[PDB]
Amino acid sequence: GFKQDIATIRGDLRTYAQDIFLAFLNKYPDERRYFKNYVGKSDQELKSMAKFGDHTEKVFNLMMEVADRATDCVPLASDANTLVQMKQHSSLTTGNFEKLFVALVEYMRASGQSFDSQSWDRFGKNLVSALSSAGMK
């Protein structure tokens, strides 16, 4: 289930982080805008860049901490608040997050693997709702 999926992702965090983020950027290419140093680079080119891997790992690390502190896929209001208040997120809406979680849920379905995709779908919805509540537009 959802706890096991956190263990699976954490187990190979850099590979899942890159694979899922790239699925996100390729599914929603206008999102590439917020990431000026990833513009005009192939998946392969990006996976060779230390800093691409480092930033995606830090994002998915924090995402896995928020997932782990959640109860029945409902995140803490304080985790939501952390995500709205970070300077790096100051020009984002809930739609940016929605799209990430649509990409994460589609990756999992398309994976060979028994991910609890419906739980990640629900976690994404709950987090987008909590982010709104904490004042993100």
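Start at 1 with the first residue shown and count on from there. We call the rigid core whatever largest set of C-alpha positions still superposes within 1.5 Å between the two forms.
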item	value
RMS Cα shift after core superposition in 7 other deposited structures of this protein, winner of 44 to 52 and 106 to 114	44 to 52
Mean C-alpha B-factor comparison - 28 to 36 and 97 to 105, higher one	28 to 36
Per the entry, higher mean C-alpha B factor between 42 to 50 and 70 to 78	42 to 50
Assigned third (lowest, middle, highest) for the C-alpha B factor of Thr56	middle
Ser133, C-alpha B-factor rank within chain (lowest, middle or highest third)	highest
Ranked C-alpha temperature factor of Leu83 among modelled chain residues, by third	highest
Third assignment of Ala110 from its chain's C-alpha B-factors	middle
